[PDB]
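**Student:** Here's a structure for you.
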Amino acid sequence: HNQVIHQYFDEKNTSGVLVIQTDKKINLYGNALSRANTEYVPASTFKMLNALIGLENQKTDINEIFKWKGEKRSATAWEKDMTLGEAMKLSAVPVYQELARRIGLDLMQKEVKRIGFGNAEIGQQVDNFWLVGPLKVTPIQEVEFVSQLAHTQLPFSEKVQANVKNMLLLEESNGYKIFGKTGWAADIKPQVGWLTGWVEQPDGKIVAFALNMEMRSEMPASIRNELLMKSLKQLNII
């Protein structure tokens, strides 16, 4: 049963762990269960803790619109005016880099070490420390974070936390609600791919998780969801 998840990771020729936490009892699944306590850079998963720090410290609001000042960007659906909310659904780095530069190293570091996120070191360039370090975080720590967030247990005003949670919805089929945020460091070797969220179950039960997997530049983004969906069905969470 833990044996069969090894089929999906064997077969997609990748190498990653699927951490799952349901009320403190944490259970690994995958085919390389050792990643669970290895630190990786967060990548665009850190977009969640960035939002909180921003919203909370009032460097923005869910309604501020971020204005695209012409420069060319990684994807094309990023060259447009957009709010934090939409910058979230799209992993749009230059927005949150602005936000980060608003927050500024000192605030940014102190709240990170306050939350105790990963090694809690961001070095100096306050606008890249989550894409190429020095910030790293192990998949275990990620699910516990996104756990606390889903239970509104994070050291932030609940109103903020609920707001962030409203950006992260990814599928609402069959009374099942799935939240989460993708990440992909294509710029380090080997590439790490993330996918950290939770299931709001019909009865309201909550099931956090943290897919970490080793990426290669040729795989489609929906490989991270191809895995997680059919995973959470074997574990029968859907």
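Chains: A, B, ... in order of the structure tokens. Residues: from 1 per chain. Ligands: from 1, in order shown.
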Which parts of range 60-187 of chain A does DSSP call strand (DSSP E or B) when run on the backbone here, written out as an MDAnalysis selection string?
**Tutor:** chainID A and resid 65:66 82:83 137 169:173 176:185
**Student:** Would you save the residues from that selection as a PDB file, in the first residue's frame, using C-alpha atoms?
**Tutor:**
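Contents of the output file part.pdb:
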```pdb
ATOM      1  CA  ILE A  65      -3.011  45.808  -8.308  1.00  0.00           C
ATOM      2  CA  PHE A  66       0.555  45.266  -9.475  1.00  0.00           C
ATOM      3  CA  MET A  82      -2.347  41.676 -11.569  1.00  0.00           C
ATOM      4  CA  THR A  83      -3.104  41.322  -7.868  1.00  0.00           C
ATOM      5  CA  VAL A 137      13.590  23.611   3.806  1.00  0.00           C
ATOM      6  CA  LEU A 169      -7.467  26.679  -4.215  1.00  0.00           C
ATOM      7  CA  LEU A 170      -6.621  24.231  -7.011  1.00  0.00           C
ATOM      8  CA  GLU A 171      -9.621  21.906  -7.422  1.00  0.00           C
ATOM      9  CA  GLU A 172     -13.167  21.782  -6.018  1.00  0.00           C
ATOM     10  CA  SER A 173     -14.625  18.520  -7.392  1.00  0.00           C
ATOM     11  CA  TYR A 176     -13.281  17.723  -2.140  1.00  0.00           C
ATOM     12  CA  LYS A 177     -11.224  20.914  -1.888  1.00  0.00           C
ATOM     13  CA  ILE A 178      -7.523  20.791  -2.727  1.00  0.00           C
ATOM     14  CA  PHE A 179      -5.180  23.660  -1.922  1.00  0.00           C
ATOM     15  CA  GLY A 180      -1.507  24.041  -2.693  1.00  0.00           C
ATOM     16  CA  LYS A 181       1.316  25.853  -4.470  1.00  0.00           C
ATOM     17  CA  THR A 182       3.837  24.497  -6.999  1.00  0.00           C
ATOM     18  CA  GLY A 183       7.551  25.193  -7.049  1.00  0.00           C
ATOM     19  CA  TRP A 184      10.308  24.346  -9.481  1.00  0.00           C
ATOM     20  CA  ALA A 185      13.970  25.279  -9.254  1.00  0.00           C
TER      21      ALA A 185
END
```
**Student:** Could you pull the residues within 9 Å of range 36-50 of chain A, counting only C-alpha atoms, minus those fewer than 2 positions along the same chain, as a ChimeraX atom specification?
**Tutor:** /A:16-19,28,32-34,52-55,88,91-93,96,99-100,108,112,117-119,129-142,146,164-165,168,180-185,192-196,212
**Student:** What is the CA of residue 64 in chain A to CA of residue 166 in chain A distance in Å?
**Tutor:**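 Pair CA of residue 64 in chain A / CA of residue 166 in chain A returns 15.5 Å.
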**Student:** Skip residue 158 in chain A itself and residues of its chain fewer than 4 positions away, then list as a list in words all residues within 12 Å of it, counting only C-alpha atoms.
**Tutor:** residues 52, 55, 56, 148, 149, 150, 151, 152, 153, 154, 162, 163, 164 and 165 of chain A
**Student:** Okay, now the selection with C-alpha atoms, as a CSV table (one decimal), in the first residue's frame?
**Tutor:**
```csv
chain,number,residue,atom,x,y,z
A,52,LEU,CA,1.5,36.4,4.9
A,55,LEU,CA,-0.3,41.2,4.0
A,56,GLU,CA,0.4,41.0,7.7
A,148,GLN,CA,-0.5,25.0,10.5
A,149,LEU,CA,-1.6,27.4,7.8
A,150,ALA,CA,-4.6,25.3,6.9
A,151,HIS,CA,-5.6,25.1,10.6
A,152,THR,CA,-5.0,28.8,10.9
A,153,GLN,CA,-2.3,27.9,13.5
A,154,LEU,CA,0.4,30.2,12.0
A,162,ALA,CA,-7.6,33.0,5.7
A,163,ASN,CA,-6.7,35.4,2.8
A,164,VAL,CA,-3.6,33.5,1.8
A,165,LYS,CA,-5.7,30.3,1.9
```
**Student:** Any chance you could list, as a PyMOL selection string, the residues in range 148-229 of chain A that come up helix (DSSP H, G or I) when DSSP is run on the backbone?
**Tutor:** chain A and resi 148-150+158-167+223-229
**Student:** Go ahead and save the residues from that selection, with N, CA, C and O atoms, as a CSV table (one decimal), in the first residue's frame.
**Tutor:**
```
chain,number,residue,atom,x,y,z
A,148,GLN,N,-0.2,23.9,9.7
A,148,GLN,CA,-0.5,25.0,10.5
A,148,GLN,C,-1.3,26.1,9.7
A,148,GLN,O,-2.3,26.6,10.2
A,149,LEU,N,-0.9,26.4,8.5
A,149,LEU,CA,-1.6,27.4,7.8
A,149,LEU,C,-3.1,26.9,7.6
A,149,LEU,O,-4.0,27.7,7.8
A,150,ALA,N,-3.3,25.7,7.2
A,150,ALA,CA,-4.6,25.3,6.9
A,150,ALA,C,-5.5,25.3,8.2
A,150,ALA,O,-6.7,25.7,8.2
A,158,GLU,N,-5.5,35.8,12.2
A,158,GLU,CA,-6.2,34.8,11.4
A,158,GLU,C,-6.7,35.4,10.1
A,158,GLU,O,-6.9,34.7,9.1
A,159,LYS,N,-7.0,36.7,10.1
A,159,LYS,CA,-7.6,37.3,8.9
A,159,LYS,C,-6.6,37.2,7.7
A,159,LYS,O,-7.0,36.9,6.6
A,160,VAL,N,-5.4,37.5,7.9
A,160,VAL,CA,-4.3,37.2,6.9
A,160,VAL,C,-4.4,35.8,6.5
A,160,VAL,O,-4.6,35.5,5.3
A,161,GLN,N,-4.2,34.9,7.4
A,161,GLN,CA,-4.1,33.4,7.0
A,161,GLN,C,-5.2,33.0,6.2
A,161,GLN,O,-5.1,32.2,5.3
A,162,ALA,N,-6.4,33.4,6.5
A,162,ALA,CA,-7.6,33.0,5.7
A,162,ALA,C,-7.4,33.6,4.3
A,162,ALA,O,-7.8,32.9,3.3
A,163,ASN,N,-6.9,34.8,4.2
A,163,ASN,CA,-6.7,35.4,2.8
A,163,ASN,C,-5.8,34.6,2.0
A,163,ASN,O,-6.1,34.2,0.8
A,164,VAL,N,-4.6,34.3,2.5
A,164,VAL,CA,-3.6,33.5,1.8
A,164,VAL,C,-4.3,32.2,1.3
A,164,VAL,O,-4.2,31.8,0.2
A,165,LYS,N,-5.1,31.5,2.2
A,165,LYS,CA,-5.7,30.3,1.9
A,165,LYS,C,-6.7,30.5,0.7
A,165,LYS,O,-6.9,29.5,0.0
A,166,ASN,N,-7.2,31.7,0.5
A,166,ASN,CA,-8.1,31.9,-0.6
A,166,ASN,C,-7.5,32.0,-1.9
A,166,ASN,O,-8.2,32.0,-2.9
A,167,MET,N,-6.1,32.2,-1.9
A,167,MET,CA,-5.5,32.2,-3.2
A,167,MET,C,-5.1,30.8,-3.7
A,167,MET,O,-5.0,30.6,-4.9
A,223,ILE,N,3.1,17.0,-14.5
A,223,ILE,CA,3.6,15.7,-13.9
A,223,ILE,C,3.5,15.8,-12.4
A,223,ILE,O,3.3,14.7,-11.7
A,224,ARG,N,3.6,16.9,-11.8
A,224,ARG,CA,3.5,17.0,-10.3
A,224,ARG,C,2.1,16.7,-9.9
A,224,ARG,O,1.9,16.1,-8.8
A,225,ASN,N,1.1,17.1,-10.7
A,225,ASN,CA,-0.3,16.8,-10.3
A,225,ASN,C,-0.7,15.4,-10.8
A,225,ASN,O,-1.6,14.8,-10.1
A,226,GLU,N,-0.2,15.0,-11.9
A,226,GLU,CA,-0.5,13.6,-12.3
A,226,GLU,C,-0.1,12.6,-11.1
A,226,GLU,O,-1.0,11.8,-10.8
A,227,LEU,N,1.0,12.9,-10.5
A,227,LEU,CA,1.4,12.0,-9.4
A,227,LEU,C,0.4,12.2,-8.2
A,227,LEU,O,-0.2,11.2,-7.7
A,228,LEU,N,0.2,13.5,-7.8
A,228,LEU,CA,-0.5,13.7,-6.5
A,228,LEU,C,-1.9,13.2,-6.5
A,228,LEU,O,-2.4,12.6,-5.6
A,229,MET,N,-2.6,13.6,-7.6
A,229,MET,CA,-4.0,13.1,-7.8
A,229,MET,C,-4.1,11.6,-7.6
A,229,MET,O,-4.8,11.1,-6.7
```
